[PDB]
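The structure file my_file.txt is reproduced below (compact mmCIF, C-alpha atoms).
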```txt
# COMPACT_ATOMS: atom_id res chain seq x y z
CA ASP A 8 -68.53 121.47 102.30
CA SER A 9 -70.57 121.96 99.13
CA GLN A 10 -71.94 118.43 99.47
CA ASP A 11 -73.04 119.20 103.03
CA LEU A 12 -74.98 122.25 101.87
CA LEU A 13 -76.57 120.20 99.08
CA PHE A 14 -77.74 117.54 101.54
CA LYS A 15 -79.12 120.15 103.94
CA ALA A 16 -80.91 121.87 101.06
CA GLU A 17 -82.52 118.60 99.97
CA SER A 18 -83.43 117.94 103.61
CA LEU A 19 -85.27 121.26 103.86
CA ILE A 20 -87.02 120.92 100.49
CA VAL A 21 -88.67 117.80 101.87
CA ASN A 22 -90.82 118.10 105.03
CA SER A 23 -91.82 121.57 103.74
CA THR A 24 -94.43 120.49 101.14
CA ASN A 25 -93.85 123.72 99.19
CA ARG A 26 -90.48 124.44 97.58
CA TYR A 27 -91.57 128.02 96.95
CA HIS A 28 -92.62 128.68 100.54
CA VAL A 29 -89.37 127.23 101.87
CA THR A 30 -87.34 129.27 99.39
CA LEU A 31 -89.14 132.37 100.60
CA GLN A 32 -88.40 131.44 104.22
CA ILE A 33 -84.72 130.88 103.41
CA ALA A 34 -84.56 134.26 101.64
CA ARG A 35 -86.19 136.07 104.58
CA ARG A 36 -83.98 134.35 107.15
CA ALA A 37 -80.79 135.13 105.21
CA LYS A 38 -81.90 138.75 104.86
CA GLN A 39 -82.39 139.13 108.60
CA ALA A 40 -79.08 137.31 109.16
CA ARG A 41 -77.02 139.74 107.09
CA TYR A 42 -78.95 142.72 108.47
CA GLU A 43 -78.27 141.81 112.11
CA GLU A 44 -74.71 140.79 111.21
CA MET A 45 -73.36 143.85 109.37
CA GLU A 46 -73.78 145.75 112.71
CA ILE A 54 -69.89 132.95 105.38
CA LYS A 55 -72.71 134.11 103.11
CA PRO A 56 -76.26 134.90 104.31
CA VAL A 57 -78.13 132.22 102.34
CA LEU A 58 -75.60 129.60 103.46
CA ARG A 59 -75.89 130.50 107.14
CA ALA A 60 -79.68 130.58 106.77
CA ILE A 61 -79.73 127.05 105.37
CA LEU A 62 -77.31 125.77 108.02
CA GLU A 63 -79.46 127.26 110.79
CA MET A 64 -82.74 125.94 109.39
CA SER A 65 -81.26 122.46 108.93
CA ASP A 66 -79.88 122.42 112.48
CA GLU A 67 -83.30 123.53 113.75
CA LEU A 68 -85.15 120.64 112.07
CA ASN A 69 -83.60 118.09 114.51
CA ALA B 4 -82.33 105.20 102.65
CA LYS B 5 -82.44 101.72 104.22
CA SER B 6 -82.67 100.17 100.75
CA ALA B 7 -79.58 98.07 100.15
CA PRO B 8 -78.42 98.08 96.51
CA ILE B 9 -78.69 94.91 94.51
CA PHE B 10 -75.49 93.38 93.18
CA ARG B 11 -75.98 93.84 89.46
CA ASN B 12 -74.09 90.83 88.13
CA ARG B 13 -74.60 91.68 84.49
CA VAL B 14 -73.41 93.92 81.68
CA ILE B 15 -74.21 97.61 82.07
CA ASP B 16 -75.47 99.49 79.03
CA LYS B 17 -77.23 102.85 79.03
CA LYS B 18 -80.59 101.28 79.92
CA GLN B 19 -79.14 99.71 83.05
CA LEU B 20 -77.54 103.01 84.05
CA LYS B 21 -80.80 104.91 83.54
CA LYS B 22 -82.67 102.25 85.53
CA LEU B 23 -80.09 102.47 88.32
CA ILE B 24 -80.28 106.27 88.42
CA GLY B 25 -84.07 106.13 88.60
CA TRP B 26 -83.94 103.57 91.40
CA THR B 27 -81.37 105.65 93.27
CA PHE B 28 -83.52 108.75 92.99
CA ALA B 29 -86.61 106.86 94.12
CA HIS B 30 -84.91 105.33 97.15
CA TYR B 31 -82.12 107.70 98.21
CA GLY B 32 -82.98 111.25 97.15
CA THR B 33 -81.69 113.78 94.70
CA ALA B 34 -78.26 114.47 96.17
CA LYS B 35 -77.31 110.85 96.52
CA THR B 36 -78.46 110.45 92.94
CA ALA B 37 -76.14 113.32 92.04
CA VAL B 38 -73.28 111.66 93.94
CA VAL B 39 -73.92 108.31 92.25
CA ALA B 40 -74.02 109.95 88.83
CA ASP B 41 -70.69 111.68 89.46
CA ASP B 42 -69.10 108.45 90.69
CA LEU B 43 -70.36 106.52 87.66
CA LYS B 44 -69.07 109.28 85.37
CA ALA B 45 -65.63 109.07 86.98
CA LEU B 46 -65.57 105.27 86.76
CA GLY B 47 -66.65 105.24 83.13
CA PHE B 48 -64.16 107.92 82.12
CA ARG B 49 -61.34 106.02 83.83
CA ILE C 251 -95.03 161.75 70.85
CA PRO C 252 -92.39 163.06 73.27
CA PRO C 253 -89.19 164.07 71.46
CA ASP C 254 -86.99 161.61 73.35
CA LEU C 255 -89.08 158.75 71.93
CA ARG C 256 -88.20 160.02 68.43
CA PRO C 257 -84.62 161.07 69.12
CA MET C 258 -82.66 163.28 66.78
CA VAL C 259 -79.11 162.47 67.85
CA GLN C 260 -75.82 163.55 66.30
CA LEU C 261 -73.27 160.89 65.38
CA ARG C 265 -74.28 163.59 61.06
CA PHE C 266 -77.76 163.73 62.58
CA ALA C 267 -79.64 160.44 62.89
CA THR C 268 -83.40 161.05 62.94
CA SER C 269 -86.43 158.86 63.58
CA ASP C 270 -88.99 158.43 60.81
CA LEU C 271 -91.62 159.96 63.07
CA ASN C 272 -90.01 163.34 62.55
CA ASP C 273 -90.53 163.14 58.79
CA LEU C 274 -94.10 161.88 59.11
CA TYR C 275 -94.98 164.61 61.60
CA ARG C 276 -93.38 167.23 59.37
CA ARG C 277 -95.54 166.07 56.48
CA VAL C 278 -98.63 166.35 58.66
CA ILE C 279 -97.71 169.83 59.90
CA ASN C 280 -96.77 171.11 56.45
CA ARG C 281 -100.02 169.92 54.92
CA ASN C 282 -102.06 171.29 57.83
CA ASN C 283 -100.42 174.72 57.56
CA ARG C 284 -100.91 174.80 53.80
CA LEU C 285 -104.56 173.86 54.27
CA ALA C 286 -105.02 176.66 56.80
CA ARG C 287 -103.47 179.14 54.37
CA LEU C 288 -105.71 177.91 51.55
CA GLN C 289 -108.76 178.29 53.79
CA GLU C 290 -107.59 181.81 54.66
CA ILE C 291 -107.19 183.05 51.07
CA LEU C 292 -110.38 181.39 49.75
CA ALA C 293 -108.62 179.07 47.34
CA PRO C 294 -110.43 177.24 44.53
CA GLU C 295 -112.47 174.38 45.92
CA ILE C 296 -110.56 171.63 44.09
CA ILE C 297 -107.23 172.79 45.53
CA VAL C 298 -108.65 172.87 49.06
CA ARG C 299 -110.19 169.42 48.63
CA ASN C 300 -106.92 168.00 47.32
CA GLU C 301 -105.09 169.49 50.30
CA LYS C 302 -107.62 167.90 52.65
CA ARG C 303 -107.09 164.57 50.90
CA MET C 304 -103.34 165.03 51.32
CA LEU C 305 -103.72 165.78 55.02
CA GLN C 306 -105.82 162.65 55.46
CA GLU C 307 -103.17 160.60 53.68
CA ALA C 308 -100.37 162.13 55.76
CA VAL C 309 -102.17 161.34 59.02
CA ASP C 310 -102.81 157.84 57.69
CA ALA C 311 -99.12 157.34 56.97
CA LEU C 312 -98.31 158.61 60.44
CA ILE C 313 -100.72 156.25 62.23
CA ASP C 314 -99.92 153.21 60.09
CA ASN C 315 -97.74 153.54 57.02
CA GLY C 316 -98.98 151.62 54.00
CA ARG C 317 -102.22 150.34 55.50
CA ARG C 318 -104.52 152.21 53.11
CA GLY C 319 -102.60 153.93 50.32
CA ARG C 320 -99.10 153.93 48.93
CA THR C 321 -96.15 153.44 51.28
CA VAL C 322 -94.14 156.55 52.10
CA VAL C 323 -90.53 155.63 51.38
CA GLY C 324 -87.56 157.48 52.87
CA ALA C 325 -84.34 158.82 51.42
CA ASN C 326 -83.62 155.26 50.37
CA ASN C 327 -86.45 153.22 48.94
CA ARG C 328 -87.53 151.75 52.27
CA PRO C 329 -90.81 152.21 54.15
CA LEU C 330 -90.79 154.71 56.98
CA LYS C 331 -91.49 153.17 60.37
CA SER C 332 -94.78 154.65 61.55
CA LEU C 333 -96.49 154.41 64.94
CA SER C 334 -98.16 151.07 64.21
CA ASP C 335 -94.90 149.49 63.06
CA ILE C 336 -93.38 150.19 66.48
CA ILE C 337 -95.81 148.07 68.52
CA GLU C 338 -96.20 145.08 66.20
CA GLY C 339 -94.15 142.21 64.85
CA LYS C 340 -91.17 140.32 66.15
CA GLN C 341 -89.27 143.63 66.15
CA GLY C 342 -92.19 145.44 67.77
CA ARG C 343 -92.16 146.89 71.25
CA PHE C 344 -93.93 144.00 72.97
CA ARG C 345 -91.69 141.21 71.72
CA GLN C 346 -88.37 143.08 71.56
CA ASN C 347 -88.44 145.12 74.78
CA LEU C 348 -91.27 143.99 77.09
CA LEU C 349 -91.40 140.20 76.83
CA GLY C 350 -87.63 139.94 76.35
CA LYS C 351 -84.76 142.27 77.21
CA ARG C 352 -81.00 142.55 77.11
CA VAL C 353 -79.90 142.35 80.73
CA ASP C 354 -76.92 143.53 82.76
CA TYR C 355 -74.52 141.28 84.67
CA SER C 356 -74.33 138.84 81.79
CA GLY C 357 -71.51 137.27 79.85
CA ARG C 358 -71.06 134.84 77.02
CA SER C 359 -68.30 132.44 76.14
CA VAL C 360 -67.39 129.20 74.45
CA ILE C 361 -67.93 126.06 76.52
CA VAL C 362 -65.42 123.24 76.98
CA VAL C 363 -65.85 120.05 78.96
CA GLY C 364 -64.68 120.00 82.54
CA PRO C 365 -64.56 116.35 83.55
CA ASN C 366 -63.35 116.95 87.11
CA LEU C 367 -66.11 119.41 87.96
CA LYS C 368 -69.08 118.32 90.01
CA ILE C 369 -72.63 118.41 88.72
CA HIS C 370 -73.42 121.51 90.81
CA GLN C 371 -70.31 123.40 89.64
CA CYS C 372 -69.22 125.28 86.54
CA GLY C 373 -65.87 126.62 85.43
CA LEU C 374 -65.92 130.36 84.95
CA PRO C 375 -62.94 132.12 83.39
```
Would you mind giving the structure from this file in structure tokens?
Amino acid sequence: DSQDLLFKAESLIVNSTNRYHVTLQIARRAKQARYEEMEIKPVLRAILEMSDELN
Amino acid sequence: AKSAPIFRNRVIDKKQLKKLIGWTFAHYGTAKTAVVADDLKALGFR
Amino acid sequence: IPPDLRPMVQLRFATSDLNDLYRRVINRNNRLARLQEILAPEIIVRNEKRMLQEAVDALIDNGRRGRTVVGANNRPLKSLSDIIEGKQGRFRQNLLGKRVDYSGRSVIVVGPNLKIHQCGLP
């Protein structure tokens, strides 16, 4: 849900110590995602993946 | 998290709401503060 | 200046003020060359040189030194300096702020059932 994405976003903004750096990482990840998927929306999948990787 | 809310047994003006929102942000984060603000908005409108 | 930066488009023909200022400069320069070719009286040549100086002045910055060159209507012609200065100048109207694509505008009403991270778009 939207709330879930908002919580995962907040979760990633913390523990990163740089909102800009983590926004850049999310952008890059989502770009690669869509690129290797054209072969859900990229930024969303990127955030889901990065949240699930933070354990 | 882990901070249990206090039972505010008093009248609630704007100052109390602002204080509660600040406390919620300080203890719970920015998306629980958003949730609390939406819930308070719904309760007040009703 | 390149002609597309002083466009002469057809609606009638709408022309930039630079065309008129440049025409004044060219006319006075050609007349001065003719006067220098026929050995005109010195006062006439000197007055033409003064006129050329004034025309170039009005081109670079209209109204800075002498009288202001008005147009067909009694309004100052926009010279080169007037393009890059002021709130309507190039820097503040087109470089520091622009009209952008993928934009809309509409009246706002209150949506009480929306969430804080949502908006209602028609």
Sort by chain and increasing residue number a table of all residues of chain A within 8 Å of chain B, each with its closest pair of atoms and their distance in Å to one decimal, counting all atoms listed in the file, and write it as a tab-separated table.
```
residue	atom	partner	partner_atom	distance
A:13	CA	B:34	CA	6.6
A:14	CA	B:34	CA	6.2
A:17	CA	B:34	CA	7.0
```
Compile the contact shell of residue 308 in chain C as a list in words: residues with an atom at most 8 Å away, counting all atoms listed in the file, same-chain residues fewer than 4 positions apart removed.
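Surrounding residues, per the criterion: residues 274, 277, 278, 281, 304 and 312 of chain C.
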Pull the closest atom pair for each residue of chain B that gets at most 9 Å from chain C, along with the distance in Å to one decimal, counting only C-alpha atoms, ordering rows by chain and then ascending residue number, as a tab-separated table.
```
residue	atom	partner	partner_atom	distance
B:37	CA	C:369	CA	7.0
B:38	CA	C:369	CA	8.6
B:40	CA	C:369	CA	8.6
B:41	CA	C:368	CA	6.9
B:44	CA	C:365	CA	8.6
B:45	CA	C:365	CA	8.1
B:48	CA	C:365	CA	8.6
```
Skip range 41-61 of chain A itself and residues of its chain fewer than 5 positions away, then list as a PyMOL selection string all residues within 12 Å of it, counting only C-alpha atoms.
chain A and resi 8-9+11-20+29-36+66-68
Could those selected residues go to a file with C-alpha atoms, as a short mmCIF file (atom, residue, chain, number, x, y, z; two decimals), keeping the file's coordinate frame?
```cif
data_model
loop_
_atom_site.label_atom_id
_atom_site.label_comp_id
_atom_site.auth_asym_id
_atom_site.auth_seq_id
_atom_site.Cartn_x
_atom_site.Cartn_y
_atom_site.Cartn_z
CA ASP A 8 -68.53 121.47 102.30
CA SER A 9 -70.57 121.96 99.13
CA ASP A 11 -73.04 119.20 103.03
CA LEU A 12 -74.98 122.25 101.87
CA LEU A 13 -76.57 120.20 99.08
CA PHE A 14 -77.74 117.54 101.54
CA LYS A 15 -79.12 120.15 103.94
CA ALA A 16 -80.91 121.87 101.06
CA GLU A 17 -82.52 118.60 99.97
CA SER A 18 -83.43 117.94 103.61
CA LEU A 19 -85.27 121.26 103.86
CA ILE A 20 -87.02 120.92 100.49
CA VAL A 29 -89.37 127.23 101.87
CA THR A 30 -87.34 129.27 99.39
CA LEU A 31 -89.14 132.37 100.60
CA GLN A 32 -88.40 131.44 104.22
CA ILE A 33 -84.72 130.88 103.41
CA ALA A 34 -84.56 134.26 101.64
CA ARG A 35 -86.19 136.07 104.58
CA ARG A 36 -83.98 134.35 107.15
CA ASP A 66 -79.88 122.42 112.48
CA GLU A 67 -83.30 123.53 113.75
CA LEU A 68 -85.15 120.64 112.07
#
```
Put the listed atoms of range 316-328 of chain C in a box along x, y and z with 3 Å added on every side and give me the centre and edge lengths in Å to one decimal, as AutoDock Vina command-line options.
```
--center_x -94.1 --center_y 154.6 --center_z 52.2 --size_x 26.9 --size_y 14.5 --size_z 12.6
```
If you measure from CA of residue 335 in chain C to CA of residue 300 in chain C, what distance in Å do you get, rounded to one decimal?
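So the two atoms, CA of residue 335 in chain C and CA of residue 300 in chain C, lie 27.1 Å apart.
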Which residues, written as a list in words, have at least one atom at most 12 Å from residue 282 in chain C, with all atoms listed in the file counted and residues fewer than 6 positions away on the same chain left out?
residues 275, 276, 288, 289, 298, 301, 302, 303, 304, 305, 306, 307, 308 and 309 of chain C
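In this structure, CA of residue 341 in chain C sits 29.5 Å away from CA of residue 361 in chain C.
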Which distance in Å separates CA of residue 20 in chain B and CA of residue 39 in chain B, to one decimal?
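Value for the CA of residue 20 in chain B-CA of residue 39 in chain B distance: 10.4 Å.
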For range 350-356 of chain C, please output as a PyMOL selection string all residues within 12 Å (counting all atoms listed in the file; exclusion window: fewer than 5 positions along the same chain).
chain C and resi 340-345
Shell around residue 362 in chain C at 12 Å using all atoms listed in the file, local window under 4 positions removed, as a VMD selection string:
chain C and resid 367 372 to 375
Between A:27, A:10, A:62, A:69, single out the one closest to chain C, counting all atoms listed in the file.
A:10
